[PDB]
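S.K.: need a structure here:
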Amino acid sequence: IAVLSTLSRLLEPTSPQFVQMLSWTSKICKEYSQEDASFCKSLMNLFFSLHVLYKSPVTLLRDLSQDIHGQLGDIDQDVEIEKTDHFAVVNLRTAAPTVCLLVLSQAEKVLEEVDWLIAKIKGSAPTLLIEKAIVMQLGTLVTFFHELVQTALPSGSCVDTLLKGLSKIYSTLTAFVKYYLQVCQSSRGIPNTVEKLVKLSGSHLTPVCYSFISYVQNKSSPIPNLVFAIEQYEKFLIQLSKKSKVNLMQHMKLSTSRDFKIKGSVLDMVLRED
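M.R.: Numbers count the residues shown, from 1 in each chain. Sure, structure below:
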């Protein structure tokens, strides 16, 4: 495999040849298992190294994150899951330590890019198009994270590397929100794309994080870092909601924020009855 990588550096990334190499490395990841860790890691790197120069891995990560999630099981101790057909790599022995960290590492690279982009846009007092891209990217690997946060991971390094990645996505999200705090001062309206995948975090992410976070301390008997990144994320939605147009934060706390209840209201007492 070390030869195959050295040789595939010579392929023109645009070439019909390059495509073959990639699609074949997909086939090999697709149809074979081999619980030996050192290999599957190298195979995965090959695959990713090529994929990265074609289209962004976010789709692949989401796919693998569903195998890792399906094979190792869930936190609830009972939920039914699996999808094998994604990739034949990721066995029991494969995914738990190995594909897990390798997938996280890859996810962190995708975020450094989105970080880079968000950084680039703000640097400017064609651009709107980069914004829609930043979203789908984030949105996709939001589903990716939603998958591992439901997985029962080997506790040693896979718990903490997930927690690292988990707080990195919230930083990126935070700055993207902090980005629109710049753009909303001039005009102030929020693209559905942003509103929708802002509530994507309030449904598939934040609530799922919190239960993984408590699963970590019950299984036991980084963590405080995730918490911080989260609060700050909400903090700047708070600033963005009142400082642009829409209420973003009613997408996020859907449980506690409407709880304490009192019969009817003053509005209903007067307007309707007598």
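S.K.: Quick one: list the elements packing against the helix or strand containing residue 145.
M.R.: Counting by DSSP states H and E, the element that carries residue 145 is helix 127-148. Helices and strands touching helix 127-148, by 3 or more CB pairs under 8 Å, 6 or more residues apart in numbering; DSSP states H and E, are helix 58-72, helix 100-122, helix 158-183, helix 192-198, helix 201-204. Every C-beta, even on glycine, is put in place using the N, C-alpha and C of the backbone.
S.K.: The second one packs against which elements?
M.R.: Helices and strands touching helix 100-122, as assessed by 3+ CB pairs under 8 Å, 6+ apart, comprise helix 37-51, helix 58-72, helix 127-148, helix 158-183.
S.K.: Ok, which of these comes nearest residue 100?
M.R.: helix 158-183 (4.7 Å; CB to CB).
S.K.: ranking the helices and strands packed on helix 127-148 by burial, who's on top?
M.R.: Greatest average neighbour count among those goes to helix 58-72 (a mean of 22), per mean count of other CB atoms under 10 Å.
S.K.: Can you check what angle separates the helix holding residue 145 from helix 58-72?
M.R.: Interaxial angle, helix 127-148 versus helix 58-72 (axes from the mean of the first three to the mean of the last three CA atoms, to 10 degrees): 10 degrees.
S.K.: For helix 127-148, which residues meet the burial criterion?
M.R.: For helix 127-148, burial by neighbour count (16 or more other CB atoms under 10 Å) applies to 131, 134-135, 137-148.
S.K.: Tell me the one of those nearest residue 173?
M.R.: Once CB to CB is applied, the member of the buried residues of helix 127-148 that ends up nearest residue 173 is residue 138, at 6.7 Å.
S.K.: ok, the closest residue to residue 215 other than its chain neighbours - how many residues close by?
M.R.: Take residue 215 and drop its neighbours on the chain: the residue closest to it by CB to CB, 6 or more residues apart in numbering is residue 75, 5.0 Å away. Residues lying near residue 75 (other CB atoms under 10 Å) number 18.
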